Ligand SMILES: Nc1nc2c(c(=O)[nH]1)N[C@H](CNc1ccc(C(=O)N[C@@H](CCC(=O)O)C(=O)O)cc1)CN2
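First, one chain by itself: the form solved without the ligand, in structure tokens.
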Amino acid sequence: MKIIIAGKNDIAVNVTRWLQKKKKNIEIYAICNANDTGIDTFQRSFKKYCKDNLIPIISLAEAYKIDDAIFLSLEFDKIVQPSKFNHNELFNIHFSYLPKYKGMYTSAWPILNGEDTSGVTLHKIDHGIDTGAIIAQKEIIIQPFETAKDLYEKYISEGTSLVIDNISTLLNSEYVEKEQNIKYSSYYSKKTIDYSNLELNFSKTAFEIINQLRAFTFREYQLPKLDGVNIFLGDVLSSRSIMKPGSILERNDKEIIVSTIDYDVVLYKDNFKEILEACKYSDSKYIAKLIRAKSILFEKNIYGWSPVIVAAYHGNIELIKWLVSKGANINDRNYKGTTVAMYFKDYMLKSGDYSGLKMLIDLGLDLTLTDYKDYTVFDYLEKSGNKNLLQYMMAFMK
């Protein structure tokens, strides 16, 4: 049978990849979003993927004319008109637990509002915005540390899983739907946040303010700013200044302390670039000092280089171990899919120091992984003619 996948980012890519794997009998057509540049960024380009995999890319107007297909929307950017199809097998993943948080910026609004939870919802496309009947959902816990970016990445992951768990019933017409309730229904348009003019509001509680920081913390788009200085999270003090809300109590190199309606807050200056530079050659002890919010250790620059990737490229094995102890992914990837192991290989090759591989492997380092060109570390070693190092690396795999 046939499926049209309409949308973007790792959710479209990964739903597609699964289909090519487990449903090879299925003709796939793609619709891409107007702003998919064709180049991989912090999310994969769906357009790139479809080109690289000979998946035909069509228009929505063309998709309307395909019979005996289902249609599946995944962060799609176009209004879909149900009457224009010759069927009603029209499905969307929305990044909320409907009926709450219809519309936009669902990575921010639940955080701003102090929600503990959100979700992803599979539903029918009807004539309105995220109004159609619910087929499946999955609740997501928002952790107190988590940013809008963390929550978006959870949406992407949980949304992928929910499709995968339901896509057979979508293909079989063996699914059940239920109309959305009136009660609790909520919606935010794009007018509700003006990302070109964000401003922290300190006439609020400390809880609210920290939730502002979190909601606006999505590095590839922006960081919250106080007085032009970029902030990466904050914490609540027990202190309660009688200075009017917004008054800056202290300023140092690492932080700004501000008066609120209730408890003082400390806003950490974003020092990610500096942290990343230190990852080349410093140890544990130095990095632990630079750090304020722990999750800053999992951020990435514009190439997708994290702390643990930089450490790997420079053979900083003591730091790699500490980072992984803190939550870092031993198999982290840049935006081309290049893995920690590949970067470590570069170090081994340069230094002639092979000795640290065993320890990384015991931390979970995976030599089988492929980048987005379908190459393993061994592909690169074969190409560069480094057969002895290739054999050496294979000898430690388990």
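All residue numbers are counted from 1 along the displayed sequence.
Quick note: we don't show the form deposited with the ligand bound, though the next part is all about it.
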Name the single residue among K84, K273, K285, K190 that comes within 4.5 Å of the ligand in the entry with it bound, judging by heavy atoms. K190
Check each of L171, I129, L290, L237 and return the one that places a heavy atom within 4.5 angstroms of the ligand in the entry with it bound. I129
The ligand contact in the entry with it bound: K138, any heavy atom under 4.5 Å: no
With the partner left out here, check for me: in the entry with it bound, does some heavy atom of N92 sit within 4.5 Å of the ligand? yes
In the entry with it bound, is there a heavy atom of the ligand that lies within 4.5 Å of any heavy atom of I79, even though the partner is absent here? yes
With the cut-off set at 4.5 Å between non-hydrogen atoms, does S73 touch the ligand in the entry with it bound? yes
Have a look at 160 to 168, 117 to 125, 321 to 329, 227 to 235 and name the one stretch with heavy atoms inside 4.5 Å of the ligand in the entry with it bound. 117 to 125
